[PDB]
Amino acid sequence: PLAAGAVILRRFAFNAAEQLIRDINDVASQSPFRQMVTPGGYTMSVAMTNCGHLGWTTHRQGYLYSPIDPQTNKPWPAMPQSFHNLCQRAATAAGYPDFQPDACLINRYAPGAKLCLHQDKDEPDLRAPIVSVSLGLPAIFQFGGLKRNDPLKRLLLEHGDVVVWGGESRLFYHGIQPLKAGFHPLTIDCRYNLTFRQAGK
């Protein structure tokens, strides 16, 4: 096992990938990918957007889940049924049959893009797991512990891989190392990740 309460389901989303990617494009046509600026004033290397009832965003004052896209000033697009179904099946396979996400953060990684080691704790109900779907180019996922200096596991995540963490491992530090350039026939030159959460009550 990846950790207590955590598992990787390799190639779980492989068969669903083409549809998922069509729906990413549909979501982004309404709420475009944007590289967000941290409260500290740095532009993130990962480009992001959201779908579902709540979207993760930065602002001057910190991080926030909000029902409105601050760039368009309209609600985030509805969560595609392909996304919701894949998430439900993955969560069930990982031992979290009751998971009901209300938020999906869509990450796009160009070569060089990274996500520094962090915890997912913007969500009030820590009982719900995180379901994380990889698409396109491969990336090295770091998965640690409750403390930043806890030893890291480094796992390659490839197209279609799904990682789920929760319970004892819900607050574990994790991240993505700078993406290697490459080619993938479905995403061409990038990696996408879908991160499903229950962000509200």
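Numbering starts at 1 and runs along the sequence shown.
Enquirer: Test of understanding: from the entry's C-alpha B-factors, which stretch has the higher mean, 141-149 or 39-47?
Expert: So the stretch with the higher mean C-alpha B-factor is 141-149.
Enquirer: Quick one: higher average CA temperature factor, 158-166 or 64-72?
Expert: Here the higher of the two C-alpha B-factor means belongs to 64-72.
Enquirer: Looking at 16, 179, 9, 186, which has the biggest Cα B factor in the entry?
Expert: Comparing C-alpha B-factors across 16, 179, 9, 186, the maximum falls on 186.
Enquirer: Of the options 117, 126, 113, 91, which has the highest CA B factor as deposited?
Expert: Max CA B-factor in the entry, restricted to 117, 126, 113, 91: 126.
Enquirer: Ordered by C-alpha B-factor within the chain, which third holds residue 28? Give me lowest, middle or highest, please.
Expert: Lowest third.
Enquirer: How does residue 171 rank on Cα B-factor within its chain, lowest, middle or highest third?
Expert: Within its chain, residue 171 is a highest-third residue by C-alpha B-factor, going by the deposited values.
Enquirer: Using the B-factor values recorded in the entry, state whether the Cα atom of residue 95 falls in the lowest, middle or highest third among the modelled residues of its chain.
Expert: Top third by C-alpha B-factor.
Enquirer: Comparing residue 58 with the other modelled residues of its chain, is its CA B-factor in the lowest, middle or highest third?
Expert: For residue 58, the deposited C-alpha B-factor lands in the highest third.
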